[PDB]
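Below you'll find the structure, written out as structure tokens, and then a few comments.
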Amino acid sequence: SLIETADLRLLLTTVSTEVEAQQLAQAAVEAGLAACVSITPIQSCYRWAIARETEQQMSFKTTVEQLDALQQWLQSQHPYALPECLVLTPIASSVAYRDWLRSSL
Amino acid sequence: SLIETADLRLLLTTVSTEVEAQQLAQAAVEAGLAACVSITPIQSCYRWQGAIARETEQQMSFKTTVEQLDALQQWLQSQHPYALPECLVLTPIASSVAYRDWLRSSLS
Amino acid sequence: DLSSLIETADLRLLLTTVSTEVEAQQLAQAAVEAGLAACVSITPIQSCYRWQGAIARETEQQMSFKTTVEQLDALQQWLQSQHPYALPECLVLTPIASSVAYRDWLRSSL
């Protein structure tokens, strides 16, 4: 059952292509910067004038210990870009999932 | 109108296929454990069984109250196709008065 | 600023759903035009809920409005005048960190 959590983090960022998204996910998990990553296609509307672009939403599961390192490494992979960077803190998790995630880093 | 909230919860998990996701969503709602469930197709990448895997999955977001969360999670665990399901819980910090009321009422 | 994470308390994500892609695109455009959000993202989903006593499953568009707490009230009030549903979903999350560069872009856009 559930345990209240303060040290888990979800890092949400965007990249332009699926190819990049698949590569970033794999190398992030390979490097121990995230335990898992999801990729979701989205359409974004934003001011840059108003642009409408199709991109990939990435959600990286990680801990507060690995977060700063993860965010920097991601930016090193597209240093020209000014990507979305938003982090959420879950208030709870299962014991088992929390332990797997921490063990994977 | 907007109101600060502390008793709403979004439980996030993933399942393999669309059928699995539809069945689990319907049954949670029918059990009165979630007010609504959203399902989004995703690709995931993770370490499992000593390897890095890339797979297509369905992201699920169960909208519920703190009162039903422990029950929903115990139920999920008995019903989930994965041995170790993803289980992450987010807390909204605000809602409309009318939406907050709708969620709570759906589970009353 | 691109490489540095900072704690944020002033950023907000407002989540709602609408029925059609046309609706979503029209709302997202108008929110950015009016300075109420810096960025709006749209994602196709399926949602399951009880309606008129029966379990319904419907295709919808999930929207995520990225904004500040200074604009959040105005956004929500504006949404209620412009949303196609009688009782729209409205859940707001607080990101607790961002990059210096993204937070500044977001603030400067509003």
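Each chain in the structure tokens gets a letter, A, B, ..., in the order shown, and its residues are numbered from 1; ligands are numbered from 1 in order too.
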Q: Could you give me, as a ChimeraX atom specification, each residue of chain A that DSSP assigns to strand (DSSP E or B) when run on this structure's backbone?
A: /A:2-4,8-15,36-47,50-63,85-88,92-94
Quick one: contact table of chain B to chain C, 9 Å max, nearest atom pair and distance in Å to one decimal per residue, counting only C-alpha atoms, chain and number order, as a tab-separated table?
residue	atom	partner	partner_atom	distance
B:1	CA	C:77	CA	6.7
B:2	CA	C:73	CA	6.8
B:22	CA	C:48	CA	8.0
B:25	CA	C:48	CA	6.4
B:26	CA	C:48	CA	6.5
B:29	CA	C:49	CA	6.5
B:30	CA	C:55	CA	7.4
B:34	CA	C:49	CA	8.5
B:35	CA	C:49	CA	6.2
B:36	CA	C:49	CA	4.5
B:37	CA	C:48	CA	5.1
B:38	CA	C:47	CA	4.3
B:39	CA	C:46	CA	5.2
B:40	CA	C:45	CA	5.1
B:41	CA	C:45	CA	7.9
B:90	CA	C:93	CA	8.4
B:91	CA	C:93	CA	7.3
B:92	CA	C:93	CA	4.9
B:93	CA	C:93	CA	5.6
B:94	CA	C:92	CA	5.0
B:95	CA	C:91	CA	4.8
B:96	CA	C:90	CA	5.9
B:98	CA	C:87	CA	7.0
B:99	CA	C:89	CA	6.0
B:100	CA	C:90	CA	8.3
B:102	CA	C:87	CA	8.7
B:106	CA	C:50	CA	8.0
Store the residues picked out above in a file with C-alpha atoms, as a compact mmCIF listing (two decimals), in the first residue's frame.
# COMPACT_ATOMS: atom_id res chain seq x y z
CA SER B 1 -14.50 30.15 -9.41
CA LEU B 2 -11.14 28.86 -8.28
CA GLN B 22 -10.50 0.32 -20.68
CA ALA B 25 -10.92 2.24 -15.87
CA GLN B 26 -14.57 1.02 -16.17
CA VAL B 29 -15.41 3.82 -11.80
CA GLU B 30 -18.07 1.15 -11.20
CA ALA B 34 -12.44 6.89 -9.02
CA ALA B 35 -14.65 9.65 -10.41
CA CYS B 36 -12.99 9.51 -13.80
CA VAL B 37 -10.08 7.94 -15.61
CA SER B 38 -8.13 9.16 -18.61
CA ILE B 39 -6.10 6.95 -20.93
CA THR B 40 -3.27 8.21 -23.20
CA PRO B 41 -1.11 6.07 -25.57
CA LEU B 90 -0.14 13.77 -7.65
CA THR B 91 -2.04 16.39 -5.57
CA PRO B 92 -3.78 19.28 -7.37
CA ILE B 93 -3.35 22.57 -5.55
CA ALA B 94 -6.59 24.10 -6.95
CA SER B 95 -9.83 23.39 -8.75
CA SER B 96 -13.09 25.15 -9.55
CA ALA B 98 -17.97 23.20 -9.14
CA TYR B 99 -15.43 20.61 -10.33
CA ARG B 100 -14.17 19.90 -6.82
CA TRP B 102 -18.43 17.02 -8.85
CA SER B 106 -19.29 11.17 -7.74
request  = Rounded to one decimal place, report the CA of residue 87 in chain A-CA of residue 16 in chain A distance in Å.
outcome  =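 Separating CA of residue 87 in chain A from CA of residue 16 in chain A is a distance of 19.1 Å.
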Inset, instruction - Select all residues from chain A having any atom no more than 9 Å from an atom of chain C (counting only C-alpha atoms, ignoring ligands), output as a PyMOL selection string. - result: chain A and resi 11+40-48+50+52+67-68+71-76+79+81-89
Output N, CA and C atoms for every residue in that selection, as a compact mmCIF listing (two decimals), in the first residue's frame.
# COMPACT_ATOMS: atom_id res chain seq x y z
N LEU A 11 10.27 14.88 -14.10
CA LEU A 11 10.76 15.96 -14.92
C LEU A 11 10.04 15.88 -16.27
N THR A 40 5.03 11.07 -25.18
CA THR A 40 3.65 11.33 -25.58
C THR A 40 3.64 12.38 -26.68
N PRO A 41 3.05 12.11 -27.86
CA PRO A 41 2.93 13.21 -28.83
C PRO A 41 1.86 14.27 -28.44
N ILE A 42 2.23 15.56 -28.51
CA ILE A 42 1.35 16.66 -28.21
C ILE A 42 1.38 17.71 -29.33
N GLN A 43 0.40 18.60 -29.34
CA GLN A 43 0.43 19.80 -30.20
C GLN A 43 0.55 20.95 -29.21
N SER A 44 1.48 21.88 -29.47
CA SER A 44 1.69 23.03 -28.59
C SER A 44 1.41 24.33 -29.33
N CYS A 45 0.82 25.28 -28.60
CA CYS A 45 0.54 26.64 -29.08
C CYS A 45 1.25 27.62 -28.15
N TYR A 46 2.13 28.45 -28.68
CA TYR A 46 2.94 29.32 -27.83
C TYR A 46 3.43 30.54 -28.55
N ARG A 47 3.86 31.51 -27.75
CA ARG A 47 4.41 32.74 -28.26
C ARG A 47 5.93 32.67 -28.27
N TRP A 48 6.51 32.94 -29.44
CA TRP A 48 7.95 32.88 -29.67
C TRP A 48 8.44 34.14 -30.42
N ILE A 50 2.62 33.87 -32.63
CA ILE A 50 2.03 32.60 -32.15
C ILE A 50 2.33 31.46 -33.13
N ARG A 52 2.32 27.08 -33.80
CA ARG A 52 1.61 25.84 -33.53
C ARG A 52 2.50 24.73 -34.03
N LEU A 67 18.09 14.69 -10.03
CA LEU A 67 17.36 15.67 -10.84
C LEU A 67 18.22 16.75 -11.53
N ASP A 68 19.15 17.34 -10.79
CA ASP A 68 19.97 18.41 -11.32
C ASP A 68 20.89 17.93 -12.44
N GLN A 71 18.79 17.15 -15.55
CA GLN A 71 18.33 18.31 -16.29
C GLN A 71 19.47 18.91 -17.14
N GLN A 72 20.66 18.95 -16.56
CA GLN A 72 21.86 19.43 -17.26
C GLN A 72 22.25 18.55 -18.45
N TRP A 73 22.21 17.24 -18.25
CA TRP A 73 22.56 16.28 -19.31
C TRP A 73 21.60 16.42 -20.49
N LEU A 74 20.32 16.59 -20.17
CA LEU A 74 19.34 16.75 -21.22
C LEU A 74 19.66 17.97 -22.06
N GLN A 75 19.93 19.07 -21.39
CA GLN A 75 20.23 20.29 -22.12
C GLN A 75 21.54 20.16 -22.98
N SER A 76 22.53 19.41 -22.48
CA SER A 76 23.77 19.11 -23.24
C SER A 76 23.51 18.37 -24.56
N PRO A 79 21.85 21.83 -27.14
CA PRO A 79 22.29 23.04 -26.43
C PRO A 79 21.79 24.37 -27.07
N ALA A 81 18.64 24.67 -27.93
CA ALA A 81 17.25 24.77 -27.60
C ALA A 81 16.98 25.47 -26.28
N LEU A 82 15.74 25.93 -26.14
CA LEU A 82 15.20 26.45 -24.88
C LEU A 82 13.97 25.59 -24.58
N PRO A 83 14.19 24.35 -24.10
CA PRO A 83 13.10 23.39 -23.95
C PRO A 83 12.24 23.65 -22.73
N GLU A 84 11.02 23.14 -22.74
CA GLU A 84 10.19 23.12 -21.54
C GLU A 84 10.90 22.37 -20.41
N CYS A 85 10.82 22.90 -19.20
CA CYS A 85 11.41 22.27 -18.04
C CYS A 85 10.53 22.53 -16.86
N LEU A 86 9.71 21.57 -16.51
CA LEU A 86 8.82 21.64 -15.37
C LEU A 86 8.97 20.37 -14.59
N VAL A 87 9.10 20.48 -13.28
CA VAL A 87 9.26 19.33 -12.40
C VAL A 87 8.06 19.27 -11.44
N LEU A 88 7.47 18.08 -11.29
CA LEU A 88 6.42 17.82 -10.29
C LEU A 88 6.97 16.88 -9.18
N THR A 89 6.41 16.99 -7.97
CA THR A 89 6.76 16.13 -6.84
C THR A 89 5.50 15.33 -6.48
- Query: So which bits of chain B end up helix (DSSP H, G or I) when you DSSP the backbone, as an NGL selection string?
  - Reply: :B and (18-30 or 66-79 or 97-106)
Show me, as JSON lines, the residues of chain B having an atom within 7 Å of chain A, each with the closest atom pair and its distance in Å, using only C-alpha atoms.
{"residue": "B:42", "atom": "CA", "partner": "A:40", "partner_atom": "CA", "distance": 5.1}
{"residue": "B:43", "atom": "CA", "partner": "A:39", "partner_atom": "CA", "distance": 5.1}
{"residue": "B:44", "atom": "CA", "partner": "A:38", "partner_atom": "CA", "distance": 4.3}
{"residue": "B:45", "atom": "CA", "partner": "A:37", "partner_atom": "CA", "distance": 5.2}
{"residue": "B:46", "atom": "CA", "partner": "A:36", "partner_atom": "CA", "distance": 4.3}
{"residue": "B:47", "atom": "CA", "partner": "A:35", "partner_atom": "CA", "distance": 6.6}
{"residue": "B:70", "atom": "CA", "partner": "A:2", "partner_atom": "CA", "distance": 6.9}
{"residue": "B:73", "atom": "CA", "partner": "A:1", "partner_atom": "CA", "distance": 6.7}
{"residue": "B:74", "atom": "CA", "partner": "A:1", "partner_atom": "CA", "distance": 6.4}
{"residue": "B:84", "atom": "CA", "partner": "A:97", "partner_atom": "CA", "distance": 6.7}
{"residue": "B:86", "atom": "CA", "partner": "A:97", "partner_atom": "CA", "distance": 6.2}
{"residue": "B:87", "atom": "CA", "partner": "A:93", "partner_atom": "CA", "distance": 5.3}
{"residue": "B:88", "atom": "CA", "partner": "A:93", "partner_atom": "CA", "distance": 4.8}
{"residue": "B:89", "atom": "CA", "partner": "A:92", "partner_atom": "CA", "distance": 4.9}
{"residue": "B:90", "atom": "CA", "partner": "A:90", "partner_atom": "CA", "distance": 4.8}
{"residue": "B:91", "atom": "CA", "partner": "A:91", "partner_atom": "CA", "distance": 6.5}
Give me the residues within 10 Å of residue 80 in chain B as an MDAnalysis selection string, counting only C-alpha atoms and dropping any in the same chain fewer than 6 places off. chainID B and resid 13:15 20:21 24 73 86
Take the selection from the previous step and output its residues with N, CA and C atoms, as an mmCIF file, in the first residue's frame.
data_model
loop_
_atom_site.group_PDB
_atom_site.id
_atom_site.type_symbol
_atom_site.label_atom_id
_atom_site.label_comp_id
_atom_site.auth_asym_id
_atom_site.auth_seq_id
_atom_site.Cartn_x
_atom_site.Cartn_y
_atom_site.Cartn_z
ATOM 1 N N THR B 13 -0.683 5.336 -13.289
ATOM 2 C CA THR B 13 -0.114 4.020 -13.545
ATOM 3 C C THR B 13 -0.124 3.762 -15.065
ATOM 4 N N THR B 14 0.466 2.648 -15.489
ATOM 5 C CA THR B 14 0.496 2.264 -16.900
ATOM 6 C C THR B 14 0.077 0.833 -17.037
ATOM 7 N N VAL B 15 -0.477 0.511 -18.196
ATOM 8 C CA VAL B 15 -0.801 -0.886 -18.545
ATOM 9 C C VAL B 15 -0.361 -1.127 -19.968
ATOM 10 N N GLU B 20 -6.963 -3.674 -21.728
ATOM 11 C CA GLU B 20 -6.597 -3.671 -20.296
ATOM 12 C C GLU B 20 -6.958 -2.333 -19.609
ATOM 13 N N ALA B 21 -6.527 -1.234 -20.221
ATOM 14 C CA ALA B 21 -6.782 0.106 -19.695
ATOM 15 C C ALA B 21 -8.292 0.440 -19.597
ATOM 16 N N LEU B 24 -9.972 -1.795 -16.744
ATOM 17 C CA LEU B 24 -9.548 -1.314 -15.425
ATOM 18 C C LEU B 24 -10.214 0.028 -15.064
ATOM 19 N N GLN B 73 -6.002 1.984 -4.536
ATOM 20 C CA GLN B 73 -4.658 1.425 -4.662
ATOM 21 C C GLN B 73 -4.614 -0.071 -4.283
ATOM 22 N N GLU B 86 3.392 0.725 -11.920
ATOM 23 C CA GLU B 86 3.616 2.116 -11.650
ATOM 24 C C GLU B 86 2.495 2.610 -10.717
#
